[PDB]
Amino acid sequence: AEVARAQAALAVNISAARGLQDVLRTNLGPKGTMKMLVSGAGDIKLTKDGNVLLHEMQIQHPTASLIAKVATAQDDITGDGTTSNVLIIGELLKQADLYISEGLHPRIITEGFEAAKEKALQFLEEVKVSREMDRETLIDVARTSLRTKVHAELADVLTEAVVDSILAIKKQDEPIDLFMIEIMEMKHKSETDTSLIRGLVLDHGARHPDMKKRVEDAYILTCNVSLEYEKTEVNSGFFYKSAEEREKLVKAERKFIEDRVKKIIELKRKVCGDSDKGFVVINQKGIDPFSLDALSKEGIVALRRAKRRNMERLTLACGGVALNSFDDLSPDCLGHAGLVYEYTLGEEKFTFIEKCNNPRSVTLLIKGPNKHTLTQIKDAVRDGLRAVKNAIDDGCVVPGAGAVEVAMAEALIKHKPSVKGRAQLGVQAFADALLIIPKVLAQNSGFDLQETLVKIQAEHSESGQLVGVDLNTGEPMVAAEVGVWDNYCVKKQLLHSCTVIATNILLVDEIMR
Amino acid sequence: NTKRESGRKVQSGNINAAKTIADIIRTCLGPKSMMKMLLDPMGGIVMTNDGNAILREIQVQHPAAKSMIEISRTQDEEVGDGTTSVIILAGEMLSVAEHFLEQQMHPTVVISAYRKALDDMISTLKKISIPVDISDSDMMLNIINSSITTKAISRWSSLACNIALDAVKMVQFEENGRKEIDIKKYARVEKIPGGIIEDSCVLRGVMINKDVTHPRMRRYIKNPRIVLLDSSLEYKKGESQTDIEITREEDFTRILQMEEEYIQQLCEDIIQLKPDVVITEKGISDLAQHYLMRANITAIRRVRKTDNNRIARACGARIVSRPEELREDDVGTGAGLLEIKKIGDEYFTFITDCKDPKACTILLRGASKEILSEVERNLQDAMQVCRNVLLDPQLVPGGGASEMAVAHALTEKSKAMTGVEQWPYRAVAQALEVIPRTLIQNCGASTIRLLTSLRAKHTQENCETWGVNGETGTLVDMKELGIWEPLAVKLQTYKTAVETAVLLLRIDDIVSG
Amino acid sequence: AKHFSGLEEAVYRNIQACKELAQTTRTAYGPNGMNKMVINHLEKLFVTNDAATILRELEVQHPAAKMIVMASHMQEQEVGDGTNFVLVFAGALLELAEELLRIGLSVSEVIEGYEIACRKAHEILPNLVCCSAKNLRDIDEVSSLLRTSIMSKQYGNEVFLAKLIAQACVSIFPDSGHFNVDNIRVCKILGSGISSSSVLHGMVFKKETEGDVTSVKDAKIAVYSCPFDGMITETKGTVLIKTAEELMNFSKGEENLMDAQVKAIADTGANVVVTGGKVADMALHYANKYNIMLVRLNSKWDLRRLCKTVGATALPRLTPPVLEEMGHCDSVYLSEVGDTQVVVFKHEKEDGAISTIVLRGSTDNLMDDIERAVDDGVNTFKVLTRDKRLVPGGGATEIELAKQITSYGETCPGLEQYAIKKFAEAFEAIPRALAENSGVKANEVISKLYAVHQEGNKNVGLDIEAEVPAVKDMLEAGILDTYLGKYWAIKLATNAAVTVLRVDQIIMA
């Protein structure tokens, strides 16, 4: 058919990106906002985080495909910077644009970049200082990594709970939290909130006065497939070989229910000795009223509807083995939660599996009556969880609020890449994308992304001072004192995911449809 | 029917499709490259330095857009590389030649300038080609690692070549080391999914992924008995046809199991004897092969007799109809290494067959199965230059300085040839020199003054040997710089290049039927 | 489209979406409200006062407002007066940013303005509580708040629905120190007057009362959505007129096919049967023979209301029902609920928590407009029980807050200086709403409500007094909202506003 070539294909590329990018620039720091997102489903989503906006919907361009790619990098590889990663490239693109606006090769200006990124990486090592993984040292990173991602006040209460979650570790040291994430969204009088609740929490537990709400000594038979069949890890018919056989099973189906409670009432006394130790069958389907009562009446807690995750985290948490049957099991495999506690909050029971024998799994209780509030608060958590988890995995920490970038753009002082000056321009180009965080904020916040940053620049050129645009009012300060300190996992990776995709479009002279 | 097609229109569209396909690909060429990014009609973007990958996946058109991929594929299979050259070469010669010469109005003298330019190209190449050691993998390295960096990947320059270096030397033919003709079933590469380059090494021999696929099969038994069919497992696998009933529905299930029950006896007579290896070219059915795996008889299947014959002798064997029937005795082992590596659950049997025609299926690994491929894609071109240094120890230095080395040598023959043919033979000459110019205009500045300095350099300093740097543009020595354009690969791209343009010359006319 | 770009979602959509939802309240809030007819997919005219009632049937495309309708439903369940207020309040709050948008103040900036000020305002709300009152029993005293909360939500009898729902909410309970979701349900019944409405505590089936009367004291039901044509486990009977001889066998069989039913009904036990489905000719005549009460052909309304109040659950089939499927009521009896003779249960401590206010009139919309009221009489009374605090009737507290939050703007200075000034402005559209229903300018209201400059009582409501805008004391008028009402109505209108006020363009493929 047709194609596009020369700078015509290039113009479509570089324009579509920076046409999409500044749309995303509306949000960063706390002075960013929460961008309304409605995908084909019709749900409104408000996110200052990149991955949501990037991976849901896009104004469709050939560039819109690569942007989520390196967006699939930042959140994956780090989780802090998804908001920050986008704003870097087009600021660098408009720079390089100038050089090819002058006219030049996108190839020679390509070679003018990555060294500067490699430089800044060096410079990032240089300017940063390794910092404590201490809880309160994390806070200044925690708020910021959250706050660069999501708005302050949410990030502020998240600063507490996220650190409380990432400090909950057994010293399983990760960039993210897999197990520390157990999210319980609850309809509540609090529309945006997250409650930290330790230990594995079960999707539900069953009510009955004889059924113990408090199990401190738990022998947990994980229970999935219901009372209604004998020794069955899956519910299926023992009958229905003809038309009238349909009636016979349900006539004999109530038998297995009593057979099954018979197993559990004895398996308690088998394993637990007397009934003082609550024998825990968490029945991940509904417990039939008779055995619901008769397990209650025997002291067994028959818990209604845990999760497959609450089955696997149980295998983790309780240090015991799960099962898909209620069958009598050897007392060994039965899980032990140092606390099995059914917790009715609102009308809903959330059964704590606590004293996790592997407390890498904790639980967050999310709050809202309105899902649009309840979704958004859930969203701000986890992108900041792994962000602040990049705080406590990192003994190195990089000070935020433009402290380190003026330590690059100025210390990139040119003719160090003197050869063609294309690097001297490319590093200059790269130097100019560094300050987008000092830019976007003094942009979003008061004064000017420029007239404040000149102080930042100046005040950094002053006394080598760590200095930066406020995340809040957009005025100069000392960013080291403020404590705004970016994850050491962000900075390096934040650079890589930029210049690698910033390299591609330059070498792309061609597009065809 | 009344139809006719006139003159230039096809020729134009030829020249049109000729140069356009050449454009991005020739800018994707060289140490300074570009990228050709397709945008699918569906919205998917496809970015590849190889337009052959781009064009086949996008609209392919009746003009030379049909005739470029054919000669690319013609350039794909033989040596294995030059894939991007022919279309940038054929698009190069046709334009500059035809129009001016069709403005001089003649097809015929244009046709001859090709064969004219063919020999001088052969001449100054074979002259200024530099013989490099066939038995020195280092003297191989600098010439072979040059052809890896050519397209998208310098990653496997060392590694693929290293794995390619000795293997190809350790290959032979039916006509004999490997050398001579192009046979790439002696170049073979089979992937090890996942794995690591450290688990990888040089396998100078062949692997059969299907030799040992299970721990049950013969493993590490180093005097193999490979058996070709004919008695133990006969040519005929057909049904036993016992108690068959056409009037019974149960017999339909019987006849399919009955195929393998006779095959059961086929692999059972393998058990009754146990030649440690069994090969079947029509393949063995599983039910019989389970019994093979009971007897520790490695079951070779879905790899050819010729393949196995080349592998058998090269791993050693005595073939029999059945081990109780000895046709004649052959050597027990032809290989020094019988190795079965397990990555995934799959067992990969690597039998190094040293100085053997074999199949030469060489062990190679990337960090994952995907970059595993770029071992091979480089290995191929590496084994290409491995067989090339064996084929043609003499192979040119150049950054495309060969493309000048011919053109001025053309011109200085053209000046010596005179005639009207001077002009085509020169109009063919100046074509060649845009290819390296695009490499060194990607570098920058005045690439003409470079070509000035080049054609200054040409008779002054050297032509192709003392060359132009594809990453720089200055006059250098590509041998000293370690960059090498393989003689065969050079000439071969041109043999393929000259013809398609002659076809496009021949065609002013097509039909719809 | 629900997908948008071009800053509409920021500087346009919200202020458009709000007054759409709102400006019912502006004529629907205050000492009365002016009903607004709604038609549904079913064609009929539904007059509306409560904000969440007109918006419930209003189906919005607005990505903006879908946040706020919930807040009204939140506000509704909470208190029930002020849901109107919530829409018109946020009507003032958001639009003032347009100026600060023209003035150039950023998004979070002025939002922090209303926020710290609605934090500042929520701080003052307990201070601006003006007296208090309650009785866990008394109709009249409690009626006045339940009167004045439904004032906005009712143009109709203020005192009469005051006294009923006060009775209802109270006298369904042994305490009414506890108050719950359904403590009152309604049998909407026409005839006589709309002020003939009566509070009868129990489950009314306005449906037929059939079967021979067997029990009065025993109201225990085995509740069934199962029709009785003979529907029972072994043979599920229906009424089939297909042939005459098969009908002859039905009457024979049904007497027995109905036998094992009302048996199994009274086996598991009851003398009163709730049949959510049909009961056949010989099926009912056997209930006449069996001596059980079949309350037949009920609605899903009369089915669920019982299933809600007695905790039991209808059976679509007939299996012996459990006690989970069988509720008990104080007494089953035939009495007129607002002069309507059917089966009306009694509910206090057996299962309970249903008063029946019979909603009345000459049409259903009159029963829907008194539905508007007592729903808040339900809601506000819970607040009243939760807090007996009384706070100046809507708009009389505003003039207080505006003065306070005004100079609070000059305690602010910095871009929230004006946004708090604007938040001091965010209060005052409420009496404007009141005066705009009255049609008069609040500009006269404002100055007079500022005349004395305290604002503890003075307001201009919905009157013929307001016809020339005239300060009245909603405090003294008996118009006193509840603190939580005054707290909730500010909170979510500020909450749902700030979250929809940071929205950006919709991204869509």
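Indices start at 1 and increase along the chain as displayed.
Positions of Cβ are set from backbone N, Cα and C atoms, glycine also.
Using a 10 Å Cβ-Cβ cutoff, A:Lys149 (ADP binding site) registers 34 neighbours. The annotation ADP binding site is assigned in Swiss-Prot to A:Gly29, A:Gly81, A:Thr82, A:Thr83, A:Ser84, A:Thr148, A:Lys149, A:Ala401, A:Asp486.
The Mg(2+) binding site annotation in Swiss-Prot covers A:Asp80. Counting Cβ atoms from all protein chains shown, A:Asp80 (Mg(2+) binding site) has 33 others lying within 10 Å of its own Cβ.
The SUMO2 cross-link annotation in Swiss-Prot covers A:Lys241. In the three-state DSSP assignment, the secondary structure recorded for A:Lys241 (SUMO2 cross-link) is coil.
Here Swiss-Prot flags A:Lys189 (among others) as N6-acetyllysine, drawing on a large-scale study or a structure entry. For A:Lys189 (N6-acetyllysine), the same-chain residues that are 6 or more apart in sequence and have a Cβ closer than 8 Å to its Cβ are A:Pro369.
Residues or ranges marked as phosphoserine by Swiss-Prot on the basis of a large-scale study or a structure entry: A:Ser195. DSSP classifies A:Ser195 (phosphoserine) as strand under the three-state reduction. Cβ contacts within 10 Å of A:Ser195 (phosphoserine), excluding its own Cβ and spanning all protein chains shown: 15.
Sequence-distant contacts (6 or more apart, same chain, Cβ under 8 Å) of A:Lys277 (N6-acetyllysine) comprise A:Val215, A:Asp217, A:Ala218, A:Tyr219. Among the features that Swiss-Prot reports, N6-acetyllysine is placed at A:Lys277 (among others).
Of all the Cβ atoms in the protein chains shown, 18 others lie within 10 Å of the Cβ of A:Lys355 (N6-acetyllysine). Annotation comment: Swiss-Prot describes A:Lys355 (among others) as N6-acetyllysine, evidence class a large-scale study or a structure entry.
Take the CB of A:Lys367 (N6-acetyllysine) and look out to 10 A: across all protein chains shown you find 21 other CB atoms. Look at A:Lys367 (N6-acetyllysine): DSSP puts it in a strand. Annotation source Swiss-Prot lists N6-acetyllysine at A:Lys367 (among others).
Sequence-distant contacts of A:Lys378 (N6-acetyllysine), defined by Cβ-Cβ distance under 8 angstroms and a gap of at least six in the same chain, are A:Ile183, A:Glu185, A:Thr194, A:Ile366. Here Swiss-Prot flags A:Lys378 (among others) as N6-acetyllysine.
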Counting other Cβ atoms within 10 Å of each Cβ, which of the binding-site residues A:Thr82, A:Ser84 scores lowest?
A:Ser84
Candidates A:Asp80, A:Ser195, A:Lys241, A:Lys355, A:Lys367 (recorded positions) - the one closest to A:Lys149 (ADP binding site) by CA:
A:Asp80
Just to confirm: which same-chain residues, 6+ apart in sequence, have a Cβ under 8 Å from the Cβ of A:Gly29 (ADP binding site)?
A:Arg147, A:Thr148, A:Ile437, A:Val440, A:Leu441, A:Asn444, A:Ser445, A:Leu471, A:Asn472
For ADP: widest Cα to Cα gap among A:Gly29, A:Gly81, A:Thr82, A:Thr83, A:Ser84, A:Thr148, A:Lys149, A:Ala401, A:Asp486 in Å:
16
Which one is closest to A:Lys355 (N6-acetyllysine) in space, judged by CA to CA distance, out of the binding-site residues A:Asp80, A:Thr82, A:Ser84, A:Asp486?
A:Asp80
Local Cβ density at A:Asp486 (ADP binding site) - other Cβ atoms counted within 10 Å:
30
Using C-alpha atoms, which one of the recorded positions A:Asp80, A:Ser84, A:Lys241, A:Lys367, A:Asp486 comes nearest to A:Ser195 (phosphoserine)?
A:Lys367
Please report the DSSP secondary structure of A:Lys189 (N6-acetyllysine), reduced to three states.
coil
Rounded Cα separation (Å) that holds between A:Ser84 (ADP binding site) and A:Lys367 (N6-acetyllysine):
27
Distance between A:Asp80 (Mg(2+) binding site) and A:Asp486 (ADP binding site) at the Cα atoms, whole Å?
8
With every protein chain in view, what's the tally of Cβ atoms within 10 Å of the Cβ of A:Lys241 (SUMO2 cross-link), excluding that atom itself?
10
